[PDB]
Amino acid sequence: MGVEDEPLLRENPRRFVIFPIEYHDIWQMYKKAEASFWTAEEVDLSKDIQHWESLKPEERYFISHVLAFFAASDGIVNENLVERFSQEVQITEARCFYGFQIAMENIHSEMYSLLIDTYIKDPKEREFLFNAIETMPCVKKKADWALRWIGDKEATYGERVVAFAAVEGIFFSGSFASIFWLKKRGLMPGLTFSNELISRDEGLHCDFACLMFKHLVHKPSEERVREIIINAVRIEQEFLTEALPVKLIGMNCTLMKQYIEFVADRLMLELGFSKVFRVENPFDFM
């Protein structure tokens, strides 16, 4: 108390010794991550440029921007893992998971940056997209929100693990759905395949967050969690309807708003709480 009464966070003199495994649930998630290892080089991008060139300008604009957003957000997730989560959690099985997540985030960032480089030849445009946190207003609200949770010296691990589940689970959900929409339109195999791998990985990262949350003795209240999750949903809805409208690629903004609330509800249930919006998933393709 405050942290000595938390198995996840309390002193572990065996933290750097791997065996024997004591948290089999946590360990199995690390094994799952390790088993689905992939590299950017495995994704075949050789059919994408033709499809990219056939797109309308506004579609290319939307796609390049979603890519820039993902690449930038990964860096924030990564920073939080490197500076906070991988340091403060003292159980070996979780340290292994977080260590592997850091490695996978670098691969995700590389994949996005390689997609940018493949589609966008102009070096000034590449640089613009790489520096999205500073160059792109659409990205700011989400980036600032995530970064505040890294700098927050008060917020408990319980609150911060929820916030990052919201980053990887709510902040990414609209953009993931967007690319699955492109798949439904039969467009850009490399983008859509890499999107399958990455959203799968991110789903696993959110599942892990929920597992860690359940292992906590002093959780934040349902009220506090609702508050964090609702805030995140509103930011994500703003991003997809105002800052970078999904209309640009032919999607229904109204149904997209509903999808984000469905996603949040599922996260809430997975965190062991009650649904908040009680809406259906409007997308058959998700």
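In case it trips you up, residue 1 is the first one in the sequence shown, and so on.
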**Request:** Report the stretch with the higher mean CA temperature factor, choosing between 233-241 and 30-38 on the basis of the entry.
**Result:** 233-241
**Request:** Could you settle it for me: does 60-68 or 247-255 have the higher average Cα B factor in the PDB entry?
**Result:** 247-255
**Request:** Return the residue from 204, 155, 96, 104 that has the highest Cα B-factor in the entry.
**Result:** 155
**Fill in**
For residue 198, the third of its chain by CA B-factor is the lowest
**Complete:** Split the chain's modelled residues into thirds by Cα B-factor; residue 214 lands in the middle
**Item:** Chain-wide C-alpha B factor ranking for residue 115, given as lowest, middle or highest third
**Value:** lowest
**Request:** Would you mind ranking residue 166 by its C-alpha B-factor against the rest of the chain and naming the third, lowest, middle or highest?
**Result:** lowest
**Complete:** Chain-relative C-alpha B factor for residue 76 (record values, thirds): the lowest
